[PDB]
Amino acid sequence: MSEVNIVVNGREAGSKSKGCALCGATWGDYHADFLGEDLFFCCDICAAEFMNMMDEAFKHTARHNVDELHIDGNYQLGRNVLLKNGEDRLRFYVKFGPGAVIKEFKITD
């Protein structure tokens with residue numbers, strides 16, 4: 001069972017990605033976070049694992065200026081299941097979405 005889907009809208013928070021991937025003892029969104037819903041600005045030692053896909057890095061850059069969402073699942077990945085749901089909206093938006101997993105699907109849906 002390999003399922004990895006992450007969706008970030010306007011560098012939104014709400015998950016335990018604030019801390020580290022291993023454990024979240026601290027908080028802070030000042031730094032960036034990969035699809036691994038983890039921040040390597042606290043420890044960056046046990047956190048920020050490469051077990052994920054390189055895209056993870058791009059994600060940061062993607063959600064750095066614009067917005068990008070990608071979901072891929074493979075039984076060879078490493079049996080890693082990460083579910084991150086980010087919901088954010090503002091007057092700037094006209095589509096005003098509920099910001100749900102459905103968004104992730106948008107990748108194709």
# chains A, B, ... in the order shown; residues from 1 in each chain; ligands from 1
>>> select_by_dssp(residues="range 12-87 of chain A", states="helix (DSSP H, G or I)", output="PyMOL selection string")
chain A and resi 16-18+55-65
>>> residues_around(residues="residue 82 in chain A", least_positions_apart="6", cutoff="8 Å", atoms="only C-alpha atoms", output="VMD selection string")
chain A and resid 3 to 6 35 to 37
>>> atom_distance(atom1="CA of residue 57 in chain A", atom2="CA of residue 69 in chain A")
12.5 Å
>>> closest_residue(among="A:16, A:85, A:8, A:26", to="residue 60 in chain A", atoms="only C-alpha atoms")
A:8
>>> atom_distance(atom1="CA of residue 10 in chain A", atom2="CA of residue 64 in chain A")
8.7 Å
>>> residues_around(residues="residue 27 in chain A", least_positions_apart="4", cutoff="10 Å", atoms="only C-alpha atoms", output="PyMOL selection string")
chain A and resi 16-20+39+41-42
>>> write_last_selection(atoms="N, CA and C atoms", output="PDB file, in the first residue's frame")
ATOM      1  N   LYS A  16       1.554  18.816  11.392  1.00  0.00           N
ATOM      2  CA  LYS A  16       2.665  18.761  12.327  1.00  0.00           C
ATOM      3  C   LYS A  16       3.979  18.911  11.560  1.00  0.00           C
ATOM      4  N   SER A  17       3.858  19.379  10.326  1.00  0.00           N
ATOM      5  CA  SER A  17       5.025  19.573   9.481  1.00  0.00           C
ATOM      6  C   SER A  17       5.913  20.675  10.062  1.00  0.00           C
ATOM      7  N   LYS A  18       5.337  21.432  10.984  1.00  0.00           N
ATOM      8  CA  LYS A  18       6.063  22.517  11.621  1.00  0.00           C
ATOM      9  C   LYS A  18       7.367  21.976  12.212  1.00  0.00           C
ATOM     10  N   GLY A  19       7.221  20.962  13.053  1.00  0.00           N
ATOM     11  CA  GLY A  19       8.373  20.349  13.690  1.00  0.00           C
ATOM     12  C   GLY A  19       9.230  19.597  12.668  1.00  0.00           C
ATOM     13  N   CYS A  20       9.478  18.330  12.968  1.00  0.00           N
ATOM     14  CA  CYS A  20      10.278  17.495  12.088  1.00  0.00           C
ATOM     15  C   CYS A  20       9.419  16.313  11.635  1.00  0.00           C
ATOM     16  N   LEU A  39       9.709  19.876   8.658  1.00  0.00           N
ATOM     17  CA  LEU A  39      10.558  21.053   8.590  1.00  0.00           C
ATOM     18  C   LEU A  39      11.956  20.700   9.101  1.00  0.00           C
ATOM     19  N   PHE A  41      14.222  22.962   9.623  1.00  0.00           N
ATOM     20  CA  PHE A  41      14.749  24.217  10.131  1.00  0.00           C
ATOM     21  C   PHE A  41      14.924  24.164  11.651  1.00  0.00           C
ATOM     22  N   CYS A  42      14.421  23.086  12.235  1.00  0.00           N
ATOM     23  CA  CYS A  42      14.514  22.901  13.674  1.00  0.00           C
ATOM     24  C   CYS A  42      15.761  22.067  13.970  1.00  0.00           C
TER      25      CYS A  42
END
>>> closest_residue(among="A:96, A:70, A:2, A:109", to="residue 54 in chain A", atoms="only C-alpha atoms")
A:70
>>> select_by_dssp(residues="chain A", states="strand (DSSP E or B)", output="number ranges by chain")
A: 4-7, 33, 39, 70-71, 82-85
>>> write_last_selection(atoms="C-alpha atoms", output="mmCIF file, in the first residue's frame")
data_model
loop_
_atom_site.group_PDB
_atom_site.id
_atom_site.type_symbol
_atom_site.label_atom_id
_atom_site.label_comp_id
_atom_site.auth_asym_id
_atom_site.auth_seq_id
_atom_site.Cartn_x
_atom_site.Cartn_y
_atom_site.Cartn_z
ATOM 1 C CA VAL A 4 1.719 9.683 -1.209
ATOM 2 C CA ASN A 5 -0.271 12.798 -2.021
ATOM 3 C CA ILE A 6 0.501 16.293 -0.787
ATOM 4 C CA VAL A 7 -1.219 19.555 -1.639
ATOM 5 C CA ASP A 33 8.572 21.967 4.108
ATOM 6 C CA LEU A 39 10.558 21.053 8.590
ATOM 7 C CA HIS A 70 1.860 16.405 -7.631
ATOM 8 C CA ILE A 71 0.883 12.970 -6.379
ATOM 9 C CA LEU A 82 1.866 10.692 3.840
ATOM 10 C CA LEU A 83 -1.474 12.471 3.899
ATOM 11 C CA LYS A 84 -1.282 16.248 4.080
ATOM 12 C CA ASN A 85 -4.376 18.379 3.615
#
>>> residues_around(residues="residue 59 in chain A", least_positions_apart="4", cutoff="7 Å", atoms="only C-alpha atoms", output="mmCIF file with N, CA, C and O atoms, in the first residue's frame")
data_model
loop_
_atom_site.group_PDB
_atom_site.id
_atom_site.type_symbol
_atom_site.label_atom_id
_atom_site.label_comp_id
_atom_site.auth_asym_id
_atom_site.auth_seq_id
_atom_site.Cartn_x
_atom_site.Cartn_y
_atom_site.Cartn_z
ATOM 1 N N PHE A 34 8.784 19.985 2.751
ATOM 2 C CA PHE A 34 8.594 19.155 1.574
ATOM 3 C C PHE A 34 7.309 18.332 1.686
ATOM 4 O O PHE A 34 6.591 18.427 2.681
ATOM 5 N N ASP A 55 11.331 15.415 -6.306
ATOM 6 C CA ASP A 55 10.292 16.408 -6.521
ATOM 7 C C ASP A 55 10.047 17.172 -5.219
ATOM 8 O O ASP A 55 9.761 18.368 -5.242
ATOM 9 N N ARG A 63 6.119 25.876 -4.524
ATOM 10 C CA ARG A 63 5.263 26.633 -3.626
ATOM 11 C C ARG A 63 6.008 27.857 -3.089
ATOM 12 O O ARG A 63 5.527 28.530 -2.178
ATOM 13 N N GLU A 68 2.215 24.420 -6.995
ATOM 14 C CA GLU A 68 2.332 23.169 -7.725
ATOM 15 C C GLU A 68 1.890 21.998 -6.844
ATOM 16 O O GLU A 68 2.192 21.965 -5.652
#
>>> atom_distance(atom1="CA of residue 24 in chain A", atom2="CA of residue 9 in chain A")
21.6 Å
>>> closest_residue(among="A:103, A:29, A:78, A:73", to="residue 14 in chain A", atoms="only C-alpha atoms")
A:29
>>> decode(residues="range 12-92 of chain A", atoms="C-alpha atoms", output="mmCIF file, in the first residue's frame")
data_model
loop_
_atom_site.group_PDB
_atom_site.id
_atom_site.type_symbol
_atom_site.label_atom_id
_atom_site.label_comp_id
_atom_site.auth_asym_id
_atom_site.auth_seq_id
_atom_site.Cartn_x
_atom_site.Cartn_y
_atom_site.Cartn_z
ATOM 1 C CA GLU A 12 -0.573 26.965 4.194
ATOM 2 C CA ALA A 13 -0.020 25.208 7.500
ATOM 3 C CA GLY A 14 -2.084 23.115 9.883
ATOM 4 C CA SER A 15 -0.135 19.873 10.036
ATOM 5 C CA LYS A 16 2.665 18.761 12.327
ATOM 6 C CA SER A 17 5.025 19.573 9.481
ATOM 7 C CA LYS A 18 6.063 22.517 11.621
ATOM 8 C CA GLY A 19 8.373 20.349 13.690
ATOM 9 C CA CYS A 20 10.278 17.495 12.088
ATOM 10 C CA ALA A 21 9.254 14.402 10.161
ATOM 11 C CA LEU A 22 10.450 12.149 12.957
ATOM 12 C CA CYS A 23 8.772 14.091 15.738
ATOM 13 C CA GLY A 24 7.336 17.564 16.192
ATOM 14 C CA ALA A 25 8.595 19.041 19.440
ATOM 15 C CA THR A 26 8.956 22.520 17.992
ATOM 16 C CA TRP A 27 6.962 24.797 15.721
ATOM 17 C CA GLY A 28 7.710 27.287 12.970
ATOM 18 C CA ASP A 29 6.585 27.786 9.392
ATOM 19 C CA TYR A 30 9.265 30.368 8.692
ATOM 20 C CA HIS A 31 11.134 27.585 6.936
ATOM 21 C CA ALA A 32 10.046 25.452 4.004
ATOM 22 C CA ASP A 33 8.572 21.967 4.108
ATOM 23 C CA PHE A 34 8.594 19.155 1.574
ATOM 24 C CA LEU A 35 5.871 16.704 0.621
ATOM 25 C CA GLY A 36 7.146 14.905 3.697
ATOM 26 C CA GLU A 37 5.217 17.434 5.750
ATOM 27 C CA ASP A 38 8.334 18.095 7.792
ATOM 28 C CA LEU A 39 10.558 21.053 8.590
ATOM 29 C CA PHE A 40 14.331 20.761 8.648
ATOM 30 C CA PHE A 41 14.749 24.217 10.131
ATOM 31 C CA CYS A 42 14.514 22.901 13.674
ATOM 32 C CA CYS A 43 16.897 19.962 13.614
ATOM 33 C CA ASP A 44 17.521 19.190 9.961
ATOM 34 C CA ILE A 45 19.378 16.157 11.256
ATOM 35 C CA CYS A 46 16.827 13.382 11.594
ATOM 36 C CA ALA A 47 14.378 15.460 9.592
ATOM 37 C CA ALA A 48 14.364 16.162 5.873
ATOM 38 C CA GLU A 49 14.824 12.596 4.694
ATOM 39 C CA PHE A 50 15.519 11.739 1.073
ATOM 40 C CA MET A 51 13.354 8.648 1.362
ATOM 41 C CA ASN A 52 10.926 10.672 -0.721
ATOM 42 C CA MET A 53 11.207 11.752 -4.337
ATOM 43 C CA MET A 54 13.444 14.574 -5.507
ATOM 44 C CA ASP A 55 10.292 16.408 -6.521
ATOM 45 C CA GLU A 56 9.963 17.046 -2.805
ATOM 46 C CA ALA A 57 12.697 19.630 -3.218
ATOM 47 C CA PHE A 58 11.054 21.177 -6.258
ATOM 48 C CA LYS A 59 7.824 21.393 -4.298
ATOM 49 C CA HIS A 60 9.415 23.948 -2.001
ATOM 50 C CA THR A 61 10.571 25.972 -4.983
ATOM 51 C CA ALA A 62 7.210 25.352 -6.608
ATOM 52 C CA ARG A 63 5.263 26.633 -3.626
ATOM 53 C CA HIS A 64 7.985 29.237 -3.266
ATOM 54 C CA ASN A 65 6.562 31.611 -5.847
ATOM 55 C CA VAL A 66 3.720 29.871 -7.642
ATOM 56 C CA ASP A 67 1.762 26.771 -6.709
ATOM 57 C CA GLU A 68 2.332 23.169 -7.725
ATOM 58 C CA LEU A 69 0.696 19.897 -6.752
ATOM 59 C CA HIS A 70 1.860 16.405 -7.631
ATOM 60 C CA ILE A 71 0.883 12.970 -6.379
ATOM 61 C CA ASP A 72 2.613 9.686 -7.120
ATOM 62 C CA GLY A 73 2.367 6.241 -5.573
ATOM 63 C CA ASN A 74 4.588 3.228 -6.131
ATOM 64 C CA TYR A 75 4.993 -0.032 -4.251
ATOM 65 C CA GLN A 76 8.710 0.517 -4.713
ATOM 66 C CA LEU A 77 8.661 3.953 -3.127
ATOM 67 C CA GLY A 78 9.227 2.501 0.323
ATOM 68 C CA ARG A 79 5.821 1.851 1.840
ATOM 69 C CA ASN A 80 5.508 5.504 2.776
ATOM 70 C CA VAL A 81 2.043 6.961 3.230
ATOM 71 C CA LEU A 82 1.866 10.692 3.840
ATOM 72 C CA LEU A 83 -1.474 12.471 3.899
ATOM 73 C CA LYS A 84 -1.282 16.248 4.080
ATOM 74 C CA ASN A 85 -4.376 18.379 3.615
ATOM 75 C CA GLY A 86 -3.843 22.117 3.351
ATOM 76 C CA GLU A 87 -6.822 24.442 3.129
ATOM 77 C CA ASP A 88 -6.266 28.145 2.582
ATOM 78 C CA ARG A 89 -8.258 30.891 0.903
ATOM 79 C CA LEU A 90 -8.434 34.667 0.712
ATOM 80 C CA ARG A 91 -10.240 37.482 -1.060
ATOM 81 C CA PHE A 92 -7.467 37.182 -3.619
#
